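Chains as they are written, first to last, in the authors' numbering: chain H, -9 to -1, 1 to 196; chain K, 2 to 136, 139 to 194; chain B, 1 to 249; chain C, 3 to 61, 63 to 218, 221 to 241; chain J, 5 to 28, 39 to 177, 180 to 202; chain I, -27 to -2, 1 to 192; chain D, 2 to 246; chain 3, 1 to 125, 132 to 148; chain A, 2 to 242.
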Amino acid sequence: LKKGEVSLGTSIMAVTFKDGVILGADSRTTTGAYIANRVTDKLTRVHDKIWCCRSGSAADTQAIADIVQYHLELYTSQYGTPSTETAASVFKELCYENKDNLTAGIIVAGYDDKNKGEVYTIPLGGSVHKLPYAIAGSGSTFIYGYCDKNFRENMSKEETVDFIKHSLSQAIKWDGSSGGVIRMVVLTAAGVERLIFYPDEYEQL
Amino acid sequence: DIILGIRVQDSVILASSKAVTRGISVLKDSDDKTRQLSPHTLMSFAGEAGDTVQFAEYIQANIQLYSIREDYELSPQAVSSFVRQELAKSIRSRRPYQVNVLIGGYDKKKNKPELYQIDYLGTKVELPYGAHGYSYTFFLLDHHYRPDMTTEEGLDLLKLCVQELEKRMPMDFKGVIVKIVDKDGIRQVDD
Amino acid sequence: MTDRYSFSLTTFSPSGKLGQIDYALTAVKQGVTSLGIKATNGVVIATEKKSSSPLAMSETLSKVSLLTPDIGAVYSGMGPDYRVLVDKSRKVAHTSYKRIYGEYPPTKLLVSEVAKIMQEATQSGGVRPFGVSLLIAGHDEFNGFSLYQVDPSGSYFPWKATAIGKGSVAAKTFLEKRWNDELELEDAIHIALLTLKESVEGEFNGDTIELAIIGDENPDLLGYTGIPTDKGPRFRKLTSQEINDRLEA
Amino acid sequence: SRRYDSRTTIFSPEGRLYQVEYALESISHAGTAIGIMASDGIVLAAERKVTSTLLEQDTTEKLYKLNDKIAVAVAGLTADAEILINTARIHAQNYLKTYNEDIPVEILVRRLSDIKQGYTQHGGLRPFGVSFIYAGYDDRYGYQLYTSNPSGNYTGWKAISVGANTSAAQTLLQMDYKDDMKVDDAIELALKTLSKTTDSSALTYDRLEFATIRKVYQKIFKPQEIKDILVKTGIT
Amino acid sequence: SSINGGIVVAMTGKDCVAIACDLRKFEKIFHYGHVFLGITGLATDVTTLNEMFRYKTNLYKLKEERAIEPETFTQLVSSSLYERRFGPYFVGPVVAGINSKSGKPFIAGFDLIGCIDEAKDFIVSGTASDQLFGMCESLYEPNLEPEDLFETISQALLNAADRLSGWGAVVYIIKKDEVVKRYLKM
Amino acid sequence: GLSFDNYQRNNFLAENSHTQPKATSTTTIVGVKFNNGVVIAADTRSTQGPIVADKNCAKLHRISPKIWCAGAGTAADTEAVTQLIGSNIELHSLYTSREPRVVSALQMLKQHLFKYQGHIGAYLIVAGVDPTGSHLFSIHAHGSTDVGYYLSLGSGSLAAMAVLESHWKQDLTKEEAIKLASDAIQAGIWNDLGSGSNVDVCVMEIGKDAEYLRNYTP
Amino acid sequence: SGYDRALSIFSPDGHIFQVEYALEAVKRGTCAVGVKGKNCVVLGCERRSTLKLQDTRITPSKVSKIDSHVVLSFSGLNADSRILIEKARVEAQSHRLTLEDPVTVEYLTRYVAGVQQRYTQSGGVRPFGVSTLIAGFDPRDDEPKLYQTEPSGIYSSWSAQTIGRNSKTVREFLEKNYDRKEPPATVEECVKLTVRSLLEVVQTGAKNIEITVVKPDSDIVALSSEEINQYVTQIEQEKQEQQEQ
Amino acid sequence: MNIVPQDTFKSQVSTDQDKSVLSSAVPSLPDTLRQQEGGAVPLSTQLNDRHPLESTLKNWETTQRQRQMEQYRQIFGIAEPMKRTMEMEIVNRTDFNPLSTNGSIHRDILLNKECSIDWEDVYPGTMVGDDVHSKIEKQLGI
Amino acid sequence: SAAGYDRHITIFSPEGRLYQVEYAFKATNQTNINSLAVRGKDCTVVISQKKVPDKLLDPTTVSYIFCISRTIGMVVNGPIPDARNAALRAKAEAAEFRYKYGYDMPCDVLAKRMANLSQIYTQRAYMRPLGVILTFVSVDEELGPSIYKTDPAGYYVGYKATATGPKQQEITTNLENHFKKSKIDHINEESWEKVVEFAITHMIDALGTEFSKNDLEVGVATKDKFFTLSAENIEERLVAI
């Protein structure tokens, strides 16, 4: 990490449920002890139903996301809608081939008519892992055990929303770089849905 | 590595000490710290071993090429400007090396002697007298310099400076090679 | 290796004439007529908008292009060459002058750059010379208003009033008798309209001819207010409504 | 023959370069330029062959300036001439920056001639097809007048002419030139030669370019000055 | 031998400018027509900049067929300085001149990478915090005659020199028509 | 492009006897977005270290007649980058024959700043209007961009941000937005030593020419 | 026939015709003769009659000093000779820089021949239409050296060689008047022989002859018009006296 | 698929690595006179003390071009990068202008930089060489 | 026919013409099929004629309409290999524009880009023009429905409506007469289906002898997406007059 950059210290979550996937994050961007931006949309979109959340260096992650969106546009022009695995592979290649110059970590959530929603994680270094759910960020370390004790396969939409809300609320509570509102994107067969939850709602949980 | 140059009314006198190497005993009669750029332009150099001689030979080759190509002799001012440009270009993309150059000539078109000094960064300055090496002698030159001095007076002043330098030096200071550039060309004084 | 080179396409004929340049001039002489007139208050550049198909939108293609806020140009010959040269000239106006001296280039220097680019294509090994002729009208502080003509060979000359294209000879003859040192911008516009009226075989209205002027500044076209020293653009393309109004009057 | 003229890098069986000869032949299609070296200055004159009405005669097609001491007269294609003139200006500025002195005329002439010769020795390059008359002053030789052709050869002259009527102009100069003429005599001789060798009815001011180099500064005559000189010389 | 360092003072008069430099030959002020430039710093970089600007101004005069204005020269100097972004010269330049078409005096200053610092009263280069900027500010009065401006700049140079030894100064007074060069061998 | 010559010579001079001359390091910059446009304001006092150099500095840069920006950090880098992006934007608008967009300038600036890996010290606030609406972005020197409604930058950015958090709401008029920006700049001036003097303002509204105001406070 | 359109095409009988055509281009140039003596080398060159208006202060000379001990004359296209001479001078200076020793005559001849050969190894280039004579002495040596180089890149060592236009007559004259067993002892005899050889083709005489004399320890002297005129007058007087009786 | 250029350092060195400038007396050694670099610049000094960003800036558009070609190969096939490289090579090889260094218009059109300016475009930047013949020899390989 | 050269490369004939460009233009009519493009109120419709002389050929694989991007559709008149080459290059150009400038590529900009490439092909001696005619149709967010045509000569221009093919004169004259009668530079219908029906009727009354669902190919561009109709959609449009 080059000196004087901006670090994406956040709370990133992605949970796969019966009807698709949900990607959630906070909205805090800090530079040391000062909150540079308390309203930040960290749910980066790379395709109509393929979204991602970034961590590490903001500039490197933004460049990688732009290149991945370009690649997916070319693929869609040629072959049509890509699967989440292809986007994860492009992300992994971009992160791994430049790991000596760029520090980047991605969490990719996607949906398609065949696989029915998937979550992939590319941590620092460039490895890729496919998981039923993923958490990342500086504030994730405080919810690990919680996330291991309340996740069930094939949950309904409401159960997944509540699980993500509770976990992100705890991460916000215990982490200094996590705060603000909770933003969630639901990817299902119907379409893309946006959800925002304010502090006065999740702080009472 | 001590070089001196004194400009008098009709000529330029350049004096250079014998070059020595650390831990090596050498006995020779030659001037390896001076190159004749042209029949009326002489150059003396002092600095790091290797780089300085390569630069001096490069400059001499370029000036000889110009003289052959144009069938004409460059003025001392043009020679000094070319040397300054090449020296600035040499350290363009590398760590600078220690080098100090005294260029003495006799402009035939102006019919007058000239002397220039260029340091390691490429700063060309026209001087009435100059020295490099030990850092003592500028006071002696200042108190005993006149713009209208003859060759003999300049040689006497150079002898006084050489004696003063030898006295402070721990008797390891060998002889000084002295050359005179004037209207008749470049000659060496064996006195 | 025979792949390291390519023989020159333009070569001297036994009579001493470069054949490709002459053929490019011949191609230019078959194009639609364009003209330029220099007045004491501005320079008028005019041309005829040809249309192979009546269903084509005439406003989508413009034969008059803004090079700089003070310099404009018109072409006669091949359209694609005009488009490529206009793009290159717009890029050069910024790379060579504005990013160096902090100001837009004069008319003569931009014309010289365009002429050099055009000449470089006549001494090459795989590109034919550009088959266009150029009329460039501009204004600069230290030289007033200027009009130049650039040949496919890369030669440019200043003109008081000139015309290129199919009816270049007739237009030049008409403009020889209708030019003087006391001419005004409005008189120049009227003379240009009259000269174009004798060259258009088909419908002659505001949607078949195109005009532009280099005159006084237009501060309303800057798009921002607050800086007195920021002069507005002097190049202005006359609308079809204004052309119709002038034709009626 | 037509089997040995399509390329610039092929010799004819007799040992002739046909493209270079065609480039030399192309010179006679341009206006006439005359250079005369006087005992205290240099005079350059040029006849505008392709000048008619409706042309801004105030604003130079044959006379160009390289530095404060060297000027050129052009006969041939104007675009190639501009290319070579910009190259010569850059070379003169480089010489001034390097040696802190003004470049001698012969060095610049030789550089341009070498460029011209190099352009005749590559398959993908055609000869420039321009001729230059160089008028310059330097502290080595004084005033000097040179000419260079598309082949890459250059020569020094006391009075030279290029263009469309070179033979007649050279004959007139040979008849009338004197080694002790002044600048005014050279101006009068150049004007008389241009008037005699012109293809127009009269030698009007609108079809002439004039320049002088004299003590050292240049002077490019404006149309009013040209008209005044024509009136003085009696040509009117 | 030494030479490095120095001071440059630029002041604006009624219809004239004054540019002054110190001196022990080697003068820090050079003119490219009716525009003057004074550079403080390494002598090698000063000479390099002088040669480059003479080159560029000669080419500009040959092409444009006219002299270069102070504003255009200021922009040119800024761009040339920014070209060496990662290898910048150890210099501070100051430009003075009179616009030959409008007559308004122009003075500007630059950092080592060509950031233009245009001041309407006066500009000090080399040393601007010890005894020069304050004394120039105290002694400055707007809209002075050329003689008054010359006296003010000479007084400022003397005050800076005092705060004795071998000292000289070169002062240029620039009007729209003629330029006066004076020495201060005091 | 930019030359790397004399890098070793400069390092040697710094390490042996010489000190490299410093570069101007530019000072409050603010941007406030109101219902039908944006306002970008900056302080006008520039100080050379601890000494005030000028009481009226134009720190507002122009990219397009309706796209403006204000920069902090190295002044030369900010000016050069803004001018280069403005030339590119003008060429692109001529090529497409359309009004330039703020997103295009943002993309160009981001890619250019990421090319040099943060060696160009320009931190920008870019505001503007285009056929798609009014936009306001913040650009970091390493090539990262952020979107917001009100932004502050510079040495006195904390006081300006406090003022903005105090008196900002979604529905604001042009006069209220100008007053809020002026108040933020004034707080940065009074409570910090890096800002002073007057304020430069630029207002860009949808469907109207950009209005540039110098010395709004007097 | 059809085999003369490129340098890379052999003819059925085994000739490259473009080389012959370059030699034909050479044959049009002015005559150039080189004579090797007992202790000197003399290079004579024929000049065209100068025109009335042509300047006579700055015209390039036929004989050029490549180095303080080596001179070079040419015949053929005058423009390519400048390129060859410049390359030779640069190579001489480079060799002196790299090896601290001035070039030998054979080394410079070989370099010029190599450049000429290298300019015949591509179809997009034109060979130099110049044939050169290189004369001098090896450093710290008293053996005269004279070499001839051809456009194809072939060089040879001669004792007396004429190249250019009407060179066959001068070559026959030298073959009938020069014997290698008895080279001229003095410089004056060599100069007289060179003048008499040149006068076979030169229409006017002293005003179309240029002579350069090279002697060891780098002694290169270009004769003036008066000396050549004296030689020509003496030769004409001797010829008239011999023809009288 | 690289964003920042990689492998910019030399792996081997020799005295005859610069094939264009080699001595004729000793072909295994470089020609110092014709290099025209200053006369005191050994090659080893080029291996140490370089600005870290110089390599990144010097080879930046090439890396993006290579990444674009790799993406085309992955998505479109071999034919698309083959055709792009063939067109670019034809355009580069046909051009030969010894008196200029500015690129052609068609090269910019192929590179999609018709209306793009960088510091390379703004800043495009002797006794021996730098003439037409040297460039002819370099181009033709003789 | 060219006399000497110009049979191989693109240089000027003595009359000042480029014969290779003209021959490439002539090569565009080999397919003997016609295409027609019209603009609706907020949509654009392209209709092309399908010919399947060989009964062994699979009809579903025969197509000359391509989806360059989400908003831009393209119709190619000419041989199919150059058609596919141009389609791939257009896709790459549109994606590169979107990546570089941060917004979707307009139709006119893509047409100008392809025209610049065609100019490169017409000027370079070692490159040949593609013997195809391209028609880009879309709904630009700043200009509404848009049709732009580019030819092998490097010339591009926008049309209120257009028709290209071996029988383009009849369709062009019929469209001109209709526009003169209705005095509107477009079609005053709010649904793209009615515009498709109008274009089918115009093609029927221009070419003659009608056609079935297997002899037609229809593409519709809206402000959201460009799509290509199938056999059932074309047949249903045929039913409604």
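The C-beta atom is built at its ideal place from N, Cα and C for all residues, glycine as well.
If you check the beta carbons only, do residue i and residue j fall under 7 Å apart?
i: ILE164 (chain B); j: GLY206 (chain B); result: no
i: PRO158 (chain B); j: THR61 (chain C); result: yes
i: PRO30 (chain 3); j: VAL41 (chain 3); result: no
i: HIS116 (chain I); j: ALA24 (chain H); result: no
i: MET175 (chain H); j: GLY15 (chain H); result: yes
The alpha helix (DSSP H) that contains residue i, what's its start and end?
i: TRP119 (chain 3); result: 119 to 122
i: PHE18 (chain D); result: 18 to 28
i: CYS164 (chain K); result: 154 to 171
What is the residue span of the beta strand (DSSP E) that residue i lies within?
i: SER39 (chain K); result: 35 to 39
i: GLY105 (chain K); result: 100 to 108
i: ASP179 (chain C); result: Run containing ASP179 (chain C): none in the beta strand (DSSP E); it sits in the alpha helix (DSSP H), 169 to 179.
Can you give the Cα-Cα distance for residue i and residue j, rounded to whole angstroms?
i: residue 328 (chain D); j: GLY51 (chain K); result: Chain D is shown from 2 up to 246; residue 328 (chain D) falls before or after that span and cannot be answered.
i: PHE11 (chain D); j: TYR4 (chain D); result: 7 Å
i: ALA79 (chain K); j: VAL9 (chain K); result: 21 Å
i: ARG141 (chain D); j: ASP218 (chain D); result: 7 Å
i: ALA22 (chain J); j: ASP131 (chain J); result: 17 Å
i: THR202 (chain A); j: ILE242 (chain A); result: 7 Å
i: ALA80 (chain D); j: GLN117 (chain D); result: 14 Å
i: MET118 (chain B); j: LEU167 (chain I); result: 58 Å
Below 8 Å on C-beta distance, what does residue i contact in chain D?
i: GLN65 (chain K); result: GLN94, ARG97
For a contact defined as C-beta to C-beta under 8 Å, what are the partners of residue i on chain J?
i: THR(-4) (chain I); result: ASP125, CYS129, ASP131
Cβ closer than 8 Å: which chain I residues qualify as neighbours of residue i?
i: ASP87 (chain B); result: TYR69
Residue i versus chain C: which residues are under 8 Å apart at the beta carbon?
i: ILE142 (chain 3); result: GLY121, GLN124, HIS125
Starting from residue i, find everything on chain I with Cβ-Cβ shorter than 9 Å and list it in chain order.
i: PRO114 (chain K); result: Ordered by position in chain I, no residue passes the 9 Å Cβ test against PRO114 (chain K), which lies about 32 Å from the chain.
How about the segment 47 to 59 of chain K and the segment 19 to 27 of chain B: do they share at least three Cβ pairs that are nearer than 8 Å?
-> no
For the segment 90 to 97 of chain B and the segment 78 to 97 of chain A, state whether three or more C-beta atom pairs, one from each stretch, are separated by less than 8 Å.
-> no
contact_flag[the segment 41 to 48 of chain D, the segment 146 to 164 of chain C] where n(CB pairs < 8 Å) is 3 or more = no
Could you tell me whether the segment 69 to 86 of chain H touches the segment 114 to 131 of chain H, using the rule of 3 or more Cβ pairs below 8 Å?
-> yes
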